[PDB]
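**Student:** turn this into a structure:
(4 chains, ligands or ions: 8)
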4 protein chains.
Amino acid sequence: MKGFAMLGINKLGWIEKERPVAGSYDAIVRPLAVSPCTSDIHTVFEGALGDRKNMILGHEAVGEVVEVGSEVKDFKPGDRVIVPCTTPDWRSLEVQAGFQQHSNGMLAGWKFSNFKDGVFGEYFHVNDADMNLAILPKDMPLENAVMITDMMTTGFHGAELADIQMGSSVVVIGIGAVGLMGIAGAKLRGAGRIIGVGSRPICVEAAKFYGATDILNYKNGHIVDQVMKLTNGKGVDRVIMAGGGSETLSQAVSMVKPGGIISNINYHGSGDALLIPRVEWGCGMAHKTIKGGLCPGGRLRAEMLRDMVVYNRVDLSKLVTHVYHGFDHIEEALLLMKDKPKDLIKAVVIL
Amino acid sequence: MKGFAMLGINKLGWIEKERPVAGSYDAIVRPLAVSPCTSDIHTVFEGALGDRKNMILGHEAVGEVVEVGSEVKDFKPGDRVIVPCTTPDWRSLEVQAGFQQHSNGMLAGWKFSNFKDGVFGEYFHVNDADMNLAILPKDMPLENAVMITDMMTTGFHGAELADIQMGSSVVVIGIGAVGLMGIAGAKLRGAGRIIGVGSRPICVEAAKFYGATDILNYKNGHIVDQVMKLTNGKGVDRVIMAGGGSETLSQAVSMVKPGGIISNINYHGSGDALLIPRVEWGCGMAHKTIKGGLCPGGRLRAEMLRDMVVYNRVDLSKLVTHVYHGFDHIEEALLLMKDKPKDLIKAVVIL
Amino acid sequence: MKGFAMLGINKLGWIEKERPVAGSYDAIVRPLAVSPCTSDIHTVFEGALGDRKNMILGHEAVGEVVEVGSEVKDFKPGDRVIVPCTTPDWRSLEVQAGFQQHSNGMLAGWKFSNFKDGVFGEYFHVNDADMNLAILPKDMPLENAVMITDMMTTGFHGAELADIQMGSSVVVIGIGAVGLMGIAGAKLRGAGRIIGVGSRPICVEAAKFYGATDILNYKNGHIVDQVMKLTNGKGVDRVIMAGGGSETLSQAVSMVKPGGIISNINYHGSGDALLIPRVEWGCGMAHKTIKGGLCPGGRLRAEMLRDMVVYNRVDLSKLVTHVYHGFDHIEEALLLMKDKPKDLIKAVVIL
Amino acid sequence: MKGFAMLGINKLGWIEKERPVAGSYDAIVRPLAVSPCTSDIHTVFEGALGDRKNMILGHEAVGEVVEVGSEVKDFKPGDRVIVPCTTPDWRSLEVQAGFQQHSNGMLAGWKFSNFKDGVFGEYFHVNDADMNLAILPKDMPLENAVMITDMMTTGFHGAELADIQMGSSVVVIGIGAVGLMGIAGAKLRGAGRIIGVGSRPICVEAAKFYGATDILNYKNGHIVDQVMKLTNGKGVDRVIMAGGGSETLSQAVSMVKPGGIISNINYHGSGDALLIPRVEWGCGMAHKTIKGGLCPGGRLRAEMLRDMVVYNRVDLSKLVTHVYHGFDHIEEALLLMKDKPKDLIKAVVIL
Ligand SMILES: NC(=O)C1=CN([C@@H]2O[C@H](COP(=O)(O)OP(=O)(O)OC[C@H]3O[C@@H](n4cnc5c(N)ncnc54)[C@@H](OP(=O)(O)O)[C@@H]3O)[C@@H](O)[C@H]2O)C=CC1
Ligand SMILES: NC(=O)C1=CN([C@@H]2O[C@H](COP(=O)(O)OP(=O)(O)OC[C@H]3O[C@@H](n4cnc5c(N)ncnc54)[C@H](OP(=O)(O)O)[C@@H]3O)[C@@H](O)[C@H]2O)C=CC1
Ligand SMILES: NC(=O)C1=CN([C@@H]2O[C@H](COP(=O)(O)OP(=O)(O)OC[C@H]3O[C@H](n4cnc5c(N)ncnc54)[C@@H](OP(=O)(O)O)[C@@H]3O)[C@@H](O)[C@H]2O)C=CC1
Ligand SMILES: NC(=O)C1=CN([C@@H]2O[C@H](COP(=O)(O)OP(=O)(O)OC[C@H]3O[C@H](n4cnc5c(N)ncnc54)[C@@H](OP(=O)(O)O)[C@@H]3O)[C@@H](O)[C@H]2O)C=CC1
Ligand SMILES: [Zn+2]
Ligand SMILES: [Zn+2]
Ligand SMILES: [Zn+2]
Ligand SMILES: [Zn+2]
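**Tutor:** Residues are numbered from 1 along each chain as shown, chains lettered A, B, ... in the order given. Ligands and ions are numbered 1, 2, ... in the order given. Shown next is the protein structure:
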């Protein structure tokens, strides 16, 4: 079997690996459409995961089931499915506590291109098919469906953790794919004023489409001061961190009102720590709560998000800017994510 | 001054009273636009409230401040304001416990036409102006603004008490003005499938506009069976009670699944009591939570909802079907809320 | 093997049955100590559950592991174990939604004596050993340990659902074993004044020991009037329903304050419906929330409650009033729960 | 009138002030018993809360009403009362939002020795008597009653914000007065294992009395490694920060499990920021929530805590180690808080 893998730190190329076997409760799937992610780039060129030798990359896909284990009861070869990027082991004490994302370990719910070969191969492995897969509606465009697996679930989780009320004012820092879904999520929770922060034109138009009432360019002046001008020195009720450096935490604390909430969905990968400004945090007594976490996965989450798309609660087509046709294009696509052209949001490869 | 009032149970009439005087923290306001509510019909022609002696009616209005006490600091004579139907006494133990709606007594937060002279007069009295009033936006249409004072705040409250999740299925029983706002609120909390119950043609079209994906007519058969057929026998996640008789409670319990929530915003003005079906309620162990409460009021609630309108999160114009001009039309308007002509939702009298 | 079973509605007797076999993830356990429950009396004599035939009874036990499947990793033959009355199927959609108690159906988390052969037999089956068992501490008395499997988990759950604030006034209707654990749980959540309702002397003493500050006898007149006089006409903050007929719901509604919460842990197995008094419920606008649910189970719940006992947070010995030695005493012990002698609370049979 | 005040940074001494006069809703009270706080030390000798001049210190007291405004209805001259350290302005928007502690500004609910003359004077002013005072029980020792005003409300708030589960493992960093009430509060919320961190002998014994199951000291090396050895390398469910430097946030993050909560009640007096270790915080994706807030106040809170003491839920006498007689001893008492003698916890001065 051939697939696109990380040969080592800073090196990637096509390799030959043996096709994975399926256990009694597993399923083997072949990709129909895939999409490169920002995290893939960070593991290869930044060593954000350690040293990996010959590991196939990727964690965002939709495909066809080609083989199932003896105990699989809800799926069979031929089924077209949506695969959530987070596929946890449902039999754990962490699950009994209410935290699927950390089943058997911190972030252990994230398997593809971490401690298991990714989806950028002729075939890939899915653990516990009945608990980690959802059926793909026949009339749903493949491009749009791939956006559910990670972008939609991550951004919407940001709005959920933020505990938004009807009429609350919100600020979203970073307007890339994840940030754009954070804006959409906030509107879908009843937010009044929504302020997006970014600079790339293509992202700015998308931000307004999803619900942004105000746009701020961080390169044109201290972002905190800009927020105060807009709110007449009052601040905002909630803040969502979706992009930028570790210093965005300090900015968030300075703009939120006493009693407000800060929600992080950005994976920080540089430096030794993040800092909380003491005075602005009311010396630790201003009731300014800080939250953050990996997107939830599994079958239920996938089906609920799918239905929202079916009932037109959100239009996912705006996130996809580049579409390719043919297995070999997986290479050209990942390269596109590395160079970050100004006209790019997300790219999908249809096999 | 003159004012339309309830002389006694089943008797209405115009009486001559002394113009109200404001205390140190109060304000006297003259109405600009008002609207009749079905709640007053219950209290008067069915004595659902009790026996009253010469009490002026009405609780939904937009007006102009005329006089203020020596201690009022944020409002002055000539200001245009939005008056919330619930005007709590903020200096009470109930407020300290977190329940403004019951300051100094069960339902006491709501004063107009409950036990205090209402808005259907040349002038009326508002307690604690600085804590219970909100400025009316310059470009905002009067008819629309009146819908915030009661309909919007009650409907959204139903969606808030329901604790809706992203992708949850919801059923709204009763599609009158209040129910329509319940549908709009549910969509704005992330609901997936939304099923509306009613029959009036004008109310049905409005329901779809606000977000309903399915419509059911209770006259065609038992609604529980209808819902089960639509959901292949699964039932729904949430239920909002916005209309009908006491028997609607039993229906909600039967259609909601284990662990779901039932939210009541309907004002039951008759009957000795409501029933909960033992078997369907899982003998009291199915985790089917039942909630119910009076709509929130005060300045903050008014400002937060106002801003949602300003940011186009919801279009209130679809609620106003009838508009009159001239103070004397008040009596005629209140009668319509009793007659209920098939093409009516809410009516406003612009003075 | 033999086991004490329900032959049919109003029928009890010992039967001969085949010893259960274990699957790859199961375990076969032999009982060391068991206890009878009032729920079994509702099932057998009240038929409040449906029809059953030759179903072994009992759901409260501690035992020894005899055999385990090939995939069981944390348990082996020879281990002493605490078995929760609720043993869910962790691989289900209800679990993904946060309601283990209803995995694969309403109340489906509770299997023993509900629809699966109970613990009153020479051996019994436990589904998913690693996920549904807990090790019994070396020096823990068998009689005390049994109280954890149901009484402790149910009573505490009533206090948990009540969302008690520090200093809240509480009324516990019914002072049997479940109500006694409800009083203890309420105290362990920060309650101030705790009023218990009952009559049996032995229970009255236990109520005081667990935290009750006031005791009221329901056979002395209108219980609501009694409560009002004690509270100078103010009412109480919370109410936990743990005993009595369906009319206790009306009483709870009348004595609870607007904005309060009513928590039901009483398994109602008689009648058609429970009544909610219209006027006292503020016509459905008093924010008087009503909850009710089955007790949680699984390995995590058992281990957590176990540790609470080990750290002396609660003394379970006061619940066990009768102790027998020998399998044959199961029949007599169960009958006691039907007739209820004046000096009984709970009984345990050690094999 | 005379009082003990802060002359300037690092300066303390008695001065003369005009006798405070009451407004319509206010009351003038003379102290009967008071106590010094570590907060006062951070303001005077650390210039934490900016620079103050001639401000009377103190915020913990019990006293007698000597004068009331024309509008006061529940309190009269001669009444003995309990005064909560937090006395919020109930007519504010923050109160409408559910945050009394920040009425009219960040931390503005706390007035005494923050920006208003404290209780260390012959007479002091209490805003809104009917909403901010509680009657002192006839037979309640003055020393005990003063511990309600701040220590009890603060420690218990740490437990409340921590959202403790029945059986949760908890670690309390800092075992002084506040940390002691933190341990007591956690037990009254159902905690199982409670590990305290401190070394002072008198505190170590009081900690065990309140509920601590394990005690750790810094001499043994890395506090994290110690916690890991005790927990088999698993960590704990919750962490309450009650004392120590800002580096304790880092320790809390490293010892808490993914999905846990960190609760801060420690008033951090110096430093630019608090540091969060990137890797241990799971790059901000491990769901480790961070909270922190000022203690609640007002009439309801005071009465509720008062009743918890009346019903013997907590014994406050263990906090008072030093008792002085005569107004003049305030200076000596306040100095002890700075010196920190090995046998001190709290000191009370009776007039
Ligand atoms: N006190 C306060 O501040 C306020 C309280 N409330 C209360 O909320 C409630 C809703 O008022 P409103 O919106 O004016 O209601 P309406 O009287 O206009 O009727 C609402 C709906 O109930 C339906 N309905 C009738 N019978 C049934 C049935 N048997 N089964 C299912 N549905 C049925 C409808 O059917 P159809 O289409 O046939 O008419 C109609 O769409 C009222 O009781 C009101 O007092 C609302 C606002 C304020
Ligand atoms: N399915 C499950 O897993 C379980 C369900 N449950 C359920 O919870 C409930 C409680 O069980 P248990 O504690 O064993 O009950 P008991 O049979 O011991 O009775 C408890 C109390 O109810 C009383 N009572 C009777 N009538 C009234 C009344 N009119 N008003 C007030 N109190 C009254 C008592 O009075 P007196 O003092 O005179 O007897 C007694 O104090 C039962 O339904 C049981 O099935 C409990 C455990 C498990
Ligand atoms: N592990 C998982 O399963 C996943 C984790 N995540 C994580 O969430 C995060 C967001 O990813 P993605 O949406 O692809 O983001 P992008 O890389 O496209 O960038 C988003 C934003 O960051 C910007 N930015 C840079 N500096 C600042 C600044 N100083 N202030 C404000 N904004 C700034 C933007 O400006 P400009 O317009 O100039 O670029 C841009 O709008 C990433 O860390 C990602 O790994 C996301 C998906 C999956
Ligand atoms: N503003 C308000 O209304 C109030 C604010 N607060 C605040 O809460 C916080 C606590 O006061 P309180 O508990 O009375 O204070 P204390 O000064 O008595 O000290 C408490 C603990 O801190 C210790 N300690 C020192 N360094 C460390 C460390 N590095 N790690 C762990 N523990 C350490 C202790 O050790 P040892 O045992 O060796 O002494 C002691 O047990 C203070 O900042 C205070 O201002 C409290 C009340 C009111
Ligand atoms: Zn991704
Ligand atoms: Zn109304
Ligand atoms: Zn039972
Ligand atoms: Zn203090």
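**Student:** whichever residue of chain A sits closest to ligand 7 and residue C:297, how far apart?
**Tutor:** Across chain A, the shortest distance to ligand 7 (C-beta to the ion) belongs to residue A:96, at 21.3 Å. (C-beta placed from N, C-alpha, C; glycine too.) Here residue A:96 is placed at a distance of 10 Å from residue C:297 (C-beta to C-beta, to the nearest Å).
**Student:** overlap in contacts, these two.
**Tutor:** Here residue A:96 and residue C:297 have residue C:100 as joint contacts, going by C-beta atoms under 8 Å, 6 or more residues apart in numbering or on different chains.
**Student:** in stretch A:188-202, what's buried?
**Tutor:** Buried positions in stretch A:188-202, judged by neighbour count with 16 or more other C-beta atoms under 10 Å in any protein chain shown: A:188, A:189, A:190, A:191, A:192, A:193, A:194, A:195, A:196, A:197, A:198, A:200.
**Student:** ok, now which ones touch the closest residue in space to the first one that isn't next to it in sequence?
**Tutor:** Of all residues not flanking residue A:188 in the chain, residue B:190 sits nearest, at 4.7 Å (C-beta to C-beta, 6 or more residues apart in numbering or on different chains). When contacts are counted by C-beta under 8 Å, 6+ apart, residue B:190 is found next to A:185, A:188, A:189, A:308, A:313, B:164, B:165, B:166, B:167, B:168.
**Student:** can you tell me how far the second one is from residue B:187?
**Tutor:** Separation of residue A:188 from residue B:187 (C-beta to C-beta): 8 Å.
**Student:** who touches both of those two?
**Tutor:** With C-beta under 8 Å, 6+ apart, residue A:188 and residue B:187 have common neighbours residue A:313.
**Student:** I'd like the next helix or strand past the helix or strand containing residue A:206.
**Tutor:** According to DSSP states H and E, residue A:206 maps onto helix A:201-210. Sequence-wise, the next helix or strand downstream of helix A:201-210 (DSSP H and E) is strand A:214-216.
**Student:** is chain B contacted by whichever helix or strand comes after that following strand?
**Tutor:** Using DSSP H and E, the helix or strand that directly follows strand A:214-216 along the chain is helix A:223-231. No: using C-beta under 8 Å from any C-beta of the partner chain, helix A:223-231 stays clear of chain B, coming no nearer than 11.9 Å.
**Student:** check stretch A:201-210 too.
**Tutor:** No: if you take C-beta under 8 Å from any C-beta as the test, stretch A:201-210 misses chain B, and the best it gets is 12.4 Å.
**Student:** show me what contacts the residue of the stretch 1-150 of chain A found nearest ligand 5?
**Tutor:** Nearest to ligand 5 in the stretch 1-150 of chain A, going by C-beta to the ion, is residue A:37, at a distance of 3.2 Å. By C-beta under 8 Å, 6+ apart, the contact set of residue A:37 is A:58, A:59, A:60, A:150, A:337.
**Student:** helix, strand, or coil at the second one?
**Tutor:** State at residue A:59, reduced to three classes by DSSP: H, G, I helix; E, B strand; the rest coil: coil.
**Student:** any idea how far it is from chain B?
**Tutor:** Residue A:59 sits 22 Å away from chain B, going by C-beta to the nearest C-beta, to the nearest Å.
**Student:** with residue A:25 instead?
**Tutor:** 24 Å.
**Student:** help me confirm that that residue is found in a strand?
**Tutor:** No: under three-state DSSP, residue A:25 sits outside any strand and is assigned coil.
**Student:** looking at the buried residues of stretch A:188-202, which are in strands?
**Tutor:** A:194, A:195, A:196, A:197 (DSSP state E).
**Student:** pick out whichever of these sits closest to residue C:327.
**Tutor:** Residue C:327 lies nearest to residue A:194 out of these, by C-beta to C-beta, at 68.1 Å.
**Student:** hmm, back to that, show me the two of the buried residues of stretch A:188-202 that sit farthest apart.
**Tutor:** Most distant of those, by C-beta to C-beta, are A:190 and A:200, 28.1 Å apart.
**Student:** before we move on, back to that, just the buried residues of stretch A:188-202 that are near ligand 4?
**Tutor:** Subset of the buried residues of stretch A:188-202 in contact with ligand 4: empty, counting by C-beta under 6 Å from any ligand atom.
**Student:** now do the strands in the stretch 1-150 of chain A.
**Tutor:** Listed in chain order, the strands of the stretch 1-150 of chain A (DSSP state E, counting those that start in this stretch) span A:2-8, A:11-16, A:27-34, A:55-56, A:61-68, A:80-83, A:124-126, A:134-135.
**Student:** same list, these, but as a markdown table with distance to ligand 1 please.
**Tutor:** Formatted as a markdown table, these follow (distance: least, C-beta to the nearest ligand atom, whole Å):
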| stretch | distance to ligand 1 |
| --- | --- |
| strand A:2-8 | 58 |
| strand A:11-16 | 62 |
| strand A:27-34 | 45 |
| strand A:55-56 | 56 |
| strand A:61-68 | 41 |
| strand A:80-83 | 37 |
| strand A:124-126 | 45 |
| strand A:134-135 | 34 |
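**Student:** how about CSV for those, with mean neighbour count and distance to residue A:177 added?
**Tutor:** Shown next, in CSV, are these (neighbours: other C-beta atoms under 10 Å in any protein chain shown; distance: least, C-beta to C-beta, whole Å):
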stretch, mean neighbour count, distance to residue A:177
strand A:2-8, 19, 21
strand A:11-16, 14, 22
strand A:27-34, 23, 15
strand A:55-56, 24, 22
strand A:61-68, 21, 16
strand A:80-83, 22, 17
strand A:124-126, 24, 22
strand A:134-135, 18, 21
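**Student:** so who does the closest residue to residue A:320 other than its chain neighbours touch?
**Tutor:** Take residue A:320 and drop its neighbours on the chain: the residue closest to it by C-beta to C-beta, 6+ apart is residue A:143, 4.8 Å away. Each residue near residue A:143 by C-beta under 8 Å, 6+ apart is listed here: A:33, A:317, A:320, A:323, A:348, A:350.
**Student:** out of the strands of the stretch 1-150 of chain A, which is closest to chain C?
**Tutor:** Among those, the nearest to chain C by C-beta to the nearest C-beta is strand A:134-135 (11.2 Å).
**Student:** quick one: contacts of that closest one?
**Tutor:** A:79, A:80, A:81, A:82, A:84, A:299, A:302, A:303, A:306.
**Student:** show me how far it is from its chain's centre.
**Tutor:** Computed by C-alpha atoms, centre = their mean, to the nearest Å, the chain-centroid distance of strand A:134-135 equals 19 Å.
**Student:** all helices of the stretch 201-350 of chain A, in order?
**Tutor:** A:201-210, A:223-231, A:248-255, A:298-310, A:330-339 (DSSP state H, counting those that start in this stretch).
**Student:** could you dump those to TSV with distance to ligand 4?
**Tutor:** What follows is these, written out as TSV (distance: least, C-beta to the nearest ligand atom, whole Å):
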stretch	distance to ligand 4
helix A:201-210	41
helix A:223-231	26
helix A:248-255	19
helix A:298-310	40
helix A:330-339	45
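**Student:** out of those helices, flag the one nearest chain C.
**Tutor:** That would be helix A:298-310 among the helices of the stretch 201-350 of chain A, by C-beta to the nearest C-beta, at 3.9 Å.
**Student:** residues in contact with residue A:149?
**Tutor:** A:59, A:60, A:61, A:62, A:82, A:83, A:84, A:85.
**Student:** can you lay out the residues you listed as CSV showing distance to ligand 6?
**Tutor:** Converted to CSV, these look like this (distance: C-beta to the ion, whole Å):
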residue, distance to ligand 6
A:59, 53
A:60, 50
A:61, 53
A:62, 50
A:82, 46
A:83, 50
A:84, 45
A:85, 48
